[PDB]
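Q: If it helps, the file is called coords35.json and holds JSON, C-alpha atoms:
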```json
[["chain", "number", "residue", "atom", "x", "y", "z"],
["A", 1, "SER", "CA", -7.94, -72.25, 84.68],
["A", 2, "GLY", "CA", -10.49, -69.52, 83.90],
["A", 3, "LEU", "CA", -8.57, -67.60, 81.21],
["A", 4, "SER", "CA", -9.70, -66.77, 77.67],
["A", 5, "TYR", "CA", -7.86, -66.57, 74.36],
["A", 6, "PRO", "CA", -7.23, -63.00, 73.18],
["A", 7, "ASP", "CA", -9.17, -61.42, 70.33],
["A", 8, "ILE", "CA", -7.00, -61.57, 67.21],
["A", 9, "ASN", "CA", -7.99, -59.58, 64.12],
["A", 10, "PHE", "CA", -5.69, -61.02, 61.45],
["A", 11, "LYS", "CA", -7.34, -58.83, 58.79],
["A", 12, "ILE", "CA", -5.18, -55.87, 59.84],
["A", 13, "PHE", "CA", -2.16, -58.20, 60.03],
["A", 14, "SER", "CA", -2.71, -59.70, 56.56],
["A", 15, "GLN", "CA", -3.57, -56.43, 54.80],
["A", 16, "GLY", "CA", -0.74, -54.70, 56.71],
["A", 17, "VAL", "CA", 1.96, -57.10, 55.53],
["A", 18, "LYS", "CA", 0.30, -56.81, 52.10],
["A", 19, "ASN", "CA", 0.49, -53.00, 52.27],
["A", 20, "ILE", "CA", 4.12, -53.02, 53.44],
["A", 21, "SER", "CA", 5.21, -55.54, 50.79],
["A", 22, "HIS", "CA", 3.28, -53.51, 48.16],
["A", 23, "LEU", "CA", 4.40, -50.09, 49.52],
["A", 24, "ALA", "CA", 8.09, -50.68, 48.72],
["A", 25, "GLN", "CA", 8.10, -47.69, 46.32],
["A", 26, "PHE", "CA", 8.54, -43.89, 46.62],
["A", 27, "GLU", "CA", 15.92, -47.49, 50.70],
["A", 28, "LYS", "CA", 15.63, -48.66, 54.33],
["A", 29, "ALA", "CA", 11.86, -49.23, 54.03],
["A", 30, "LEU", "CA", 12.88, -52.21, 51.88],
["A", 31, "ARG", "CA", 14.40, -54.13, 54.81],
["A", 32, "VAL", "CA", 11.31, -53.66, 57.00],
["A", 33, "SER", "CA", 9.42, -55.65, 54.34],
["A", 34, "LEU", "CA", 12.01, -58.48, 54.36],
["A", 35, "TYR", "CA", 11.88, -59.16, 58.12],
["A", 36, "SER", "CA", 8.11, -58.72, 58.17],
["A", 37, "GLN", "CA", 8.06, -61.24, 55.29],
["A", 38, "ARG", "CA", 10.12, -63.72, 57.36],
["A", 39, "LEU", "CA", 7.70, -63.28, 60.26],
["A", 40, "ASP", "CA", 4.91, -63.50, 57.67],
["A", 41, "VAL", "CA", 6.09, -66.90, 56.45],
["A", 42, "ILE", "CA", 7.01, -67.99, 59.99],
["A", 43, "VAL", "CA", 3.43, -67.55, 61.13],
["A", 44, "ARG", "CA", 1.99, -68.62, 57.74],
["A", 45, "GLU", "CA", 3.38, -72.14, 57.94],
["A", 46, "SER", "CA", 3.58, -72.52, 61.75],
["A", 47, "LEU", "CA", -0.15, -72.15, 62.42],
["A", 48, "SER", "CA", -0.70, -74.63, 59.55],
["A", 49, "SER", "CA", 1.98, -77.03, 60.85],
["A", 50, "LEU", "CA", 0.40, -76.65, 64.30],
["A", 51, "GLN", "CA", -3.00, -77.41, 62.75],
["A", 52, "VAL", "CA", -1.97, -80.64, 61.01],
["A", 53, "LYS", "CA", 0.03, -81.60, 64.12],
["A", 54, "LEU", "CA", -2.94, -80.87, 66.39],
["A", 55, "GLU", "CA", -5.36, -82.96, 64.32],
["A", 56, "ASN", "CA", -2.78, -85.74, 63.84],
["A", 57, "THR", "CA", -2.15, -85.92, 67.60],
["A", 58, "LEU", "CA", -5.95, -86.04, 67.99],
["A", 59, "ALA", "CA", -6.07, -89.06, 65.66],
["A", 60, "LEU", "CA", -3.24, -90.46, 67.84],
["A", 61, "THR", "CA", -4.73, -89.57, 71.26],
["A", 62, "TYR", "CA", -7.80, -91.72, 70.68],
["A", 63, "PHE", "CA", -5.44, -94.27, 69.08],
["A", 64, "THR", "CA", -3.24, -94.77, 72.15],
["A", 65, "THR", "CA", -6.28, -94.58, 74.44],
["A", 66, "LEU", "CA", -8.02, -97.08, 72.13],
["A", 67, "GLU", "CA", -5.13, -99.34, 73.16],
["A", 68, "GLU", "CA", -6.21, -98.32, 76.68],
["A", 69, "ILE", "CA", -9.75, -99.51, 75.82],
["A", 70, "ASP", "CA", -8.43, -102.83, 74.44],
["A", 71, "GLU", "CA", -8.12, -104.32, 77.96],
["A", 72, "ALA", "CA", -11.91, -104.01, 78.47],
["A", 73, "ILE", "CA", 2.21, -99.55, 80.96],
["A", 74, "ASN", "CA", 3.87, -98.29, 77.76],
["A", 75, "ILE", "CA", 0.74, -96.47, 76.56],
["A", 76, "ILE", "CA", 1.27, -93.94, 79.37],
["A", 77, "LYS", "CA", 4.95, -93.50, 78.40],
["A", 78, "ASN", "CA", 4.31, -92.73, 74.71],
["A", 79, "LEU", "CA", 1.04, -90.91, 75.55],
["A", 80, "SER", "CA", 2.59, -88.38, 77.94],
["A", 81, "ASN", "CA", 5.66, -88.21, 75.67],
["A", 82, "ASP", "CA", 3.45, -87.39, 72.66],
["A", 83, "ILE", "CA", 1.41, -84.69, 74.41],
["A", 84, "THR", "CA", 4.65, -83.23, 75.83],
["A", 85, "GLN", "CA", 6.17, -83.31, 72.32],
["A", 86, "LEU", "CA", 3.13, -81.34, 71.14],
["A", 87, "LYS", "CA", 3.73, -78.91, 74.04],
["A", 88, "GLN", "CA", 7.39, -78.71, 72.92],
["A", 89, "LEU", "CA", 6.32, -77.89, 69.36],
["A", 90, "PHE", "CA", 4.25, -75.07, 70.88],
["A", 91, "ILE", "CA", 7.31, -74.00, 72.90],
["A", 92, "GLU", "CA", 9.62, -73.83, 69.89],
["A", 93, "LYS", "CA", 7.03, -72.19, 67.63],
["A", 94, "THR", "CA", 6.27, -69.56, 70.27],
["A", 95, "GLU", "CA", 10.02, -68.97, 70.63],
["A", 96, "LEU", "CA", 10.52, -68.72, 66.85],
["A", 97, "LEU", "CA", 7.49, -66.51, 66.15],
["A", 98, "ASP", "CA", 8.25, -64.22, 69.09],
["A", 99, "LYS", "CA", 11.94, -64.04, 68.15],
["A", 100, "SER", "CA", 10.86, -62.91, 64.67],
["A", 101, "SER", "CA", 8.38, -60.44, 66.23],
["A", 102, "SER", "CA", 10.78, -58.90, 68.77],
["A", 103, "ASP", "CA", 13.52, -58.85, 66.09],
["A", 104, "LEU", "CA", 11.19, -56.99, 63.71],
["A", 105, "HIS", "CA", 10.26, -54.55, 66.50],
["A", 106, "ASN", "CA", 13.89, -53.45, 67.02],
["A", 107, "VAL", "CA", 14.34, -51.91, 63.56],
["A", 108, "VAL", "CA", 12.59, -48.53, 63.25],
["A", 109, "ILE", "CA", 12.38, -45.70, 60.70],
["A", 110, "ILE", "CA", 11.09, -42.51, 62.39],
["A", 111, "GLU", "CA", 13.31, -40.13, 64.46],
["A", 112, "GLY", "CA", 15.27, -39.49, 61.23],
["A", 113, "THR", "CA", 12.34, -38.61, 58.95],
["A", 114, "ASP", "CA", 10.58, -35.61, 60.57],
["A", 115, "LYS", "CA", 13.91, -33.76, 60.19],
["A", 116, "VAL", "CA", 13.51, -33.99, 56.41],
["A", 117, "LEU", "CA", 9.92, -32.71, 56.71],
["A", 118, "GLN", "CA", 11.16, -29.67, 58.64],
["A", 119, "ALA", "CA", 13.80, -28.85, 56.00],
["A", 120, "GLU", "CA", 11.46, -29.50, 53.06],
["A", 121, "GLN", "CA", 8.73, -27.21, 54.44],
["A", 122, "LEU", "CA", 11.02, -24.17, 54.54],
["A", 123, "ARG", "CA", 12.51, -24.93, 51.12],
["A", 124, "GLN", "CA", 8.97, -25.36, 49.76],
["A", 125, "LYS", "CA", 7.79, -21.97, 50.99],
["A", 126, "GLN", "CA", 11.00, -20.40, 49.62],
["A", 127, "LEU", "CA", 10.32, -22.13, 46.27],
["A", 128, "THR", "CA", 6.67, -21.10, 45.97],
["A", 129, "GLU", "CA", 7.67, -17.56, 47.02],
["A", 130, "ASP", "CA", 10.55, -17.20, 44.53],
["A", 131, "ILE", "CA", 8.74, -18.77, 41.56],
["A", 132, "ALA", "CA", 6.07, -16.04, 41.81],
["A", 133, "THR", "CA", 8.75, -13.32, 41.65],
["A", 134, "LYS", "CA", 10.59, -14.96, 38.74],
["A", 135, "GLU", "CA", 7.23, -15.33, 36.97],
["A", 136, "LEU", "CA", 6.63, -11.61, 37.60],
["A", 137, "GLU", "CA", 10.00, -10.86, 35.97],
["A", 138, "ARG", "CA", 9.09, -13.14, 33.04],
["A", 139, "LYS", "CA", 5.71, -11.38, 32.72],
["A", 140, "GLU", "CA", 7.38, -7.95, 32.81],
["A", 141, "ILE", "CA", 9.79, -8.78, 29.98],
["A", 142, "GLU", "CA", 6.87, -10.57, 28.28],
["A", 143, "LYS", "CA", 4.90, -7.32, 28.17],
["A", 144, "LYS", "CA", 8.12, -5.61, 27.03],
["A", 145, "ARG", "CA", 8.51, -8.08, 24.13],
["A", 146, "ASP", "CA", 4.80, -8.13, 23.20],
["A", 147, "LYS", "CA", 4.45, -4.33, 23.07],
["A", 148, "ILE", "CA", 7.56, -3.95, 20.89],
["A", 149, "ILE", "CA", 6.98, -6.95, 18.60],
["A", 150, "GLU", "CA", 3.42, -5.70, 18.01],
["A", 151, "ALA", "CA", 4.54, -3.06, 15.49],
["A", 152, "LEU", "CA", 15.12, -2.32, 16.85],
["A", 153, "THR", "CA", 14.79, -5.98, 15.86],
["A", 154, "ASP", "CA", 18.22, -6.45, 17.49],
["A", 155, "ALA", "CA", 16.58, -5.51, 20.81],
["A", 156, "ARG", "CA", 13.53, -7.67, 19.97],
["A", 157, "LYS", "CA", 15.89, -10.67, 19.67],
["A", 158, "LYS", "CA", 18.20, -9.62, 22.54],
["A", 159, "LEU", "CA", 15.38, -9.57, 25.12],
["A", 160, "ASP", "CA", 14.93, -13.27, 24.27],
["A", 161, "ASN", "CA", 18.18, -13.90, 26.19],
["A", 162, "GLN", "CA", 16.48, -12.70, 29.39],
["A", 163, "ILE", "CA", 13.31, -14.55, 28.34],
["A", 164, "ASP", "CA", 15.24, -17.82, 28.04],
["A", 165, "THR", "CA", 17.18, -17.26, 31.27],
["A", 166, "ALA", "CA", 13.93, -16.63, 33.18],
["A", 167, "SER", "CA", 12.32, -19.67, 31.51],
["A", 168, "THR", "CA", 15.30, -21.87, 32.42],
["A", 169, "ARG", "CA", 15.07, -20.58, 36.01],
["A", 170, "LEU", "CA", 11.34, -21.41, 36.02],
["A", 171, "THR", "CA", 12.02, -24.96, 34.81],
["A", 172, "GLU", "CA", 15.00, -25.13, 37.22],
["A", 173, "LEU", "CA", 12.70, -24.40, 40.20],
["A", 174, "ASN", "CA", 9.64, -26.39, 39.08],
["A", 175, "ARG", "CA", 11.62, -29.64, 39.04],
["A", 176, "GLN", "CA", 12.95, -28.76, 42.51],
["A", 177, "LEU", "CA", 9.35, -28.29, 43.68],
["A", 178, "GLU", "CA", 8.49, -31.71, 42.23],
["A", 179, "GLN", "CA", 11.53, -33.23, 43.97],
["A", 180, "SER", "CA", 10.53, -31.69, 47.33],
["A", 181, "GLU", "CA", 6.94, -32.91, 46.90],
["A", 182, "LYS", "CA", 8.21, -36.42, 46.07],
["A", 183, "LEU", "CA", 10.33, -36.35, 49.24],
["A", 184, "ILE", "CA", 7.32, -35.25, 51.30],
["A", 185, "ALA", "CA", 5.16, -38.02, 49.81],
["A", 186, "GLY", "CA", 7.88, -40.62, 50.46],
["A", 187, "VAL", "CA", 8.25, -39.50, 54.07],
["A", 188, "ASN", "CA", 4.47, -39.73, 54.60],
["A", 189, "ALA", "CA", 4.57, -43.19, 52.99],
["A", 190, "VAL", "CA", 7.29, -44.31, 55.42],
["A", 191, "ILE", "CA", 5.19, -42.94, 58.32],
["A", 192, "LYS", "CA", 2.20, -45.04, 57.23],
["A", 193, "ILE", "CA", 4.59, -47.98, 56.80],
["A", 194, "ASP", "CA", 5.59, -47.49, 60.46],
["A", 195, "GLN", "CA", 1.92, -47.42, 61.48],
["A", 196, "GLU", "CA", 0.92, -50.62, 59.68],
["A", 197, "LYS", "CA", 4.15, -52.41, 60.71],
["A", 198, "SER", "CA", 3.29, -51.49, 64.32],
["A", 199, "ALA", "CA", -0.19, -53.01, 63.86],
["A", 200, "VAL", "CA", 1.52, -56.14, 62.49],
["A", 201, "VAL", "CA", 3.88, -56.37, 65.49],
["A", 202, "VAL", "CA", 0.98, -55.91, 67.93],
["A", 203, "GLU", "CA", -0.90, -58.72, 66.16],
["A", 204, "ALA", "CA", 2.21, -60.94, 66.38],
["A", 205, "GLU", "CA", 2.43, -60.30, 70.14],
["A", 206, "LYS", "CA", -1.28, -61.09, 70.50],
["A", 207, "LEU", "CA", -0.87, -64.41, 68.66],
["A", 208, "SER", "CA", 2.24, -65.31, 70.68],
["A", 209, "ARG", "CA", 0.28, -64.68, 73.89],
["A", 210, "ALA", "CA", -2.63, -66.81, 72.58],
["A", 211, "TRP", "CA", -0.20, -69.68, 71.96],
["A", 212, "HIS", "CA", 1.20, -69.10, 75.44],
["A", 213, "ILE", "CA", -2.33, -69.36, 76.83],
["A", 214, "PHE", "CA", -2.97, -72.69, 75.10],
["A", 215, "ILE", "CA", 0.40, -74.10, 76.15],
["A", 216, "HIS", "CA", -0.45, -73.00, 79.72],
["A", 217, "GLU", "CA", -3.69, -74.99, 79.35],
["A", 218, "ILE", "CA", -1.68, -77.99, 78.09],
["A", 219, "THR", "CA", 0.62, -77.73, 81.12],
["A", 220, "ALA", "CA", -2.46, -77.65, 83.38],
["A", 221, "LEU", "CA", -2.97, -81.38, 82.69],
["A", 222, "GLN", "CA", 0.51, -82.43, 83.90],
["A", 223, "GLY", "CA", 1.20, -86.21, 83.95],
["A", 224, "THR", "CA", -1.80, -87.54, 85.87],
["A", 225, "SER", "CA", -3.32, -88.87, 82.61],
["A", 226, "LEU", "CA", -6.48, -90.07, 84.36],
["A", 227, "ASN", "CA", -9.06, -89.08, 81.71],
["A", 228, "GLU", "CA", -8.97, -88.85, 77.89],
["A", 229, "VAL", "CA", -12.41, -87.27, 77.36],
["A", 230, "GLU", "CA", -11.22, -84.05, 78.99],
["A", 231, "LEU", "CA", -7.87, -84.14, 77.14],
["A", 232, "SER", "CA", -9.71, -84.14, 73.81],
["A", 233, "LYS", "CA", -11.56, -80.89, 74.59],
["A", 234, "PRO", "CA", -8.79, -78.25, 74.96],
["A", 235, "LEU", "CA", -7.00, -79.84, 72.01],
["A", 236, "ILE", "CA", -10.08, -79.39, 69.79],
["A", 237, "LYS", "CA", -10.66, -75.94, 71.36],
["A", 238, "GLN", "CA", -7.28, -74.80, 70.09],
["A", 239, "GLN", "CA", -8.15, -76.72, 66.92],
["A", 240, "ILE", "CA", -11.23, -74.56, 66.26],
["A", 241, "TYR", "CA", -9.51, -71.37, 67.46],
["A", 242, "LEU", "CA", -6.38, -71.88, 65.36],
["A", 243, "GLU", "CA", -8.42, -73.14, 62.36],
["A", 244, "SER", "CA", -10.53, -69.97, 62.52],
["A", 245, "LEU", "CA", -7.29, -67.96, 62.66],
["A", 246, "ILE", "CA", -6.09, -69.86, 59.56],
["A", 247, "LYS", "CA", -9.46, -69.07, 57.91],
["A", 248, "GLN", "CA", -8.80, -65.35, 58.49],
["A", 249, "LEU", "CA", -6.12, -64.50, 55.91]]
```
Could the structure of this file be written out as structure tokens, please?
A:
Amino acid sequence: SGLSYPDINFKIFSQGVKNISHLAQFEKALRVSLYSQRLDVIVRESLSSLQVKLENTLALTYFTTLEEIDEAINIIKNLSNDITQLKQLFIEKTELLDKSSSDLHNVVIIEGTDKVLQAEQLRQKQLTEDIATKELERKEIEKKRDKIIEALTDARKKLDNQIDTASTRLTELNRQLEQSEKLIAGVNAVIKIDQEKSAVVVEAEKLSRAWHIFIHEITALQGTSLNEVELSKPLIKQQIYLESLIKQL
């Protein structure tokens, strides 16, 4: 008594699972989308199944207690059993959602990615350093061919061997530069995947704790079952809260 439901911003969650499922481009980053998808569906239906179950039980709570109004001891049996079954649904859905969340949190990607960045940086500086020198060589023999052509012919056609070798080296290194840049971009993509997946996991923990808070509130009633008017209020409070959460997607 006296607690408040945590602030849940499902925009980051929704757009994060969207990003991750749509960022499966650039090997192992595939699997992080699969588990996050399972979690994604787990929540997606659970909060909806909890909604329709919450409202239904509402339509039943005033039903059973309408049978309590009819006299104006089985109603207590099925009443407490029904509210405890709702609590049990909250139990199992918290267990399932949190199992998915803590299972998703185990798998990670970094600690084996910055290594590749370190290697790629040195190869990249070596590449951009050597391409300039090979281009200098190409330019030297280019002046040598231009000055002689602009006017023996055996030499004019023999220098083309060195021209073609230098050109093949240039194309041989440019594709390597593109490969290194692609690797760098993919590593940065996997880093951002980590970041947004972490936001998703934090949101999952927040929602699990919110469900824990409401189930704590449900347990606060126990089996006294003295008043219905009060019982209706926390149920509809989670109804609004969870419905607003369902709205945010």
Q: Please identify all polymer residues within 12 Å of residue 99 in chain A, counting only C-alpha atoms, omitting same-chain residues fewer than 2 positions from it, and present them as a ChimeraX atom specification.
A: /A:35-36,38-39,42-43,91-97,101-106,201,204-205,208
Q: Got time to write the residues from that selection, C-alpha atoms, as a compact mmCIF listing (two decimals), in the frame of the given file?
A:
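out_7.txt written:
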```txt
# COMPACT_ATOMS: atom_id res chain seq x y z
CA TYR A 35 11.88 -59.16 58.12
CA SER A 36 8.11 -58.72 58.17
CA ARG A 38 10.12 -63.72 57.36
CA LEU A 39 7.70 -63.28 60.26
CA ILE A 42 7.01 -67.99 59.99
CA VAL A 43 3.43 -67.55 61.13
CA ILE A 91 7.31 -74.00 72.90
CA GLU A 92 9.62 -73.83 69.89
CA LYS A 93 7.03 -72.19 67.63
CA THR A 94 6.27 -69.56 70.27
CA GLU A 95 10.02 -68.97 70.63
CA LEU A 96 10.52 -68.72 66.85
CA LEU A 97 7.49 -66.51 66.15
CA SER A 101 8.38 -60.44 66.23
CA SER A 102 10.78 -58.90 68.77
CA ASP A 103 13.52 -58.85 66.09
CA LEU A 104 11.19 -56.99 63.71
CA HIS A 105 10.26 -54.55 66.50
CA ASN A 106 13.89 -53.45 67.02
CA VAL A 201 3.88 -56.37 65.49
CA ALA A 204 2.21 -60.94 66.38
CA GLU A 205 2.43 -60.30 70.14
CA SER A 208 2.24 -65.31 70.68
```
Q: Choose the residue, out of A:110, A:193, A:231, A:52, that has the smallest atom-to-atom separation from residue 23 in chain A; count all atoms listed in the file.
A: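 Between A:110, A:193, A:231, A:52, the residue approaching residue 23 in chain A most closely is A:193.
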Q: With all atoms listed in the file as the atoms that count, which of A:127, A:242, A:235, A:75 lies nearest to residue 175 in chain A?
A: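 Closest to residue 175 in chain A, using all atoms listed in the file: A:127.
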Q: So, counting all atoms listed in the file, which residue among A:22, A:28, A:87, A:233 is closest to residue 219 in chain A?
A: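 Checking each of A:22, A:28, A:87, A:233 against residue 219 in chain A, counting all atoms listed in the file, the winner is A:87.
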Q: Between CA of residue 168 in chain A and CA of residue 130 in chain A, what is the distance, to one decimal in Å?
A: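 Those two atoms sit 13.8 Å apart.
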Q: By how many Å are CA of residue 158 in chain A and CA of residue 131 in chain A apart?
A: 23.1 Å
Q: Residues near residue 179 in chain A, anyone? I mean within 10 Å using all atoms listed in the file, not counting same-chain ones fewer than 6 positions away, as a VMD selection string.
A: chain A and resid 120 173 185
Q: Each residue of range 148-247 of chain A lying at most 12 Å from range 2-13 of chain A should get a row with its shortest atom-to-atom pair and the distance in Å to one decimal, counting all atoms listed in the file; could you produce that, ordered by chain and increasing number, as a tab-separated table?
A:
```
residue	atom	partner	partner_atom	distance
A:195	CA	A:12	CA	11.2
A:196	CA	A:12	CA	8.0
A:197	CA	A:13	CA	8.6
A:198	CA	A:13	CA	9.7
A:199	CA	A:13	CA	6.7
A:200	CA	A:13	CA	4.9
A:201	CA	A:13	CA	8.3
A:202	CA	A:13	CA	8.8
A:203	CA	A:13	CA	6.3
A:204	CA	A:13	CA	8.2
A:205	CA	A:8	CA	10.0
A:206	CA	A:8	CA	6.6
A:207	CA	A:8	CA	6.9
A:208	CA	A:6	CA	10.1
A:209	CA	A:6	CA	7.7
A:210	CA	A:5	CA	5.5
A:211	CA	A:5	CA	8.6
A:212	CA	A:5	CA	9.5
A:213	CA	A:5	CA	6.7
A:214	CA	A:5	CA	7.9
A:215	CA	A:5	CA	11.3
A:216	CA	A:3	CA	9.9
A:217	CA	A:3	CA	9.0
A:220	CA	A:2	CA	11.4
A:234	CA	A:5	CA	11.7
A:237	CA	A:5	CA	10.2
A:238	CA	A:5	CA	9.3
A:240	CA	A:5	CA	11.9
A:241	CA	A:5	CA	8.6
A:242	CA	A:8	CA	10.5
A:244	CA	A:10	CA	10.2
A:245	CA	A:10	CA	7.2
A:246	CA	A:10	CA	9.0
A:247	CA	A:10	CA	9.6
```
Q: Applying 12 Å and all atoms listed in the file, which residues near residue 156 in chain A remain after dropping the ones on its own chain fewer than 4 positions away? List them as a PyMOL selection string.
A: chain A and resi 141-152+160-163
Q: Using CA of residue 89 in chain A and CA of residue 62 in chain A as the two end points, give the distance in Å to one decimal.
A: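 CA of residue 89 in chain A sits 19.8 Å away from CA of residue 62 in chain A.
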Q: Closest to residue 218 in chain A among A:174, A:128, A:232, A:248, using all atoms listed in the file?
A: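 For residue 218 in chain A, the nearest of the given residues is A:232.
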Q: I'd like the neighbourhood of residue 54 in chain A as a list in words, where a residue qualifies if any of its atoms comes within 10 Å (using only C-alpha atoms), though same-chain residues fewer than 6 positions away should be ignored.
A: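 Within the cut-off, the hits are residues 47, 48, 60, 83, 86, 235, 236, 238, 239 and 242 of chain A.
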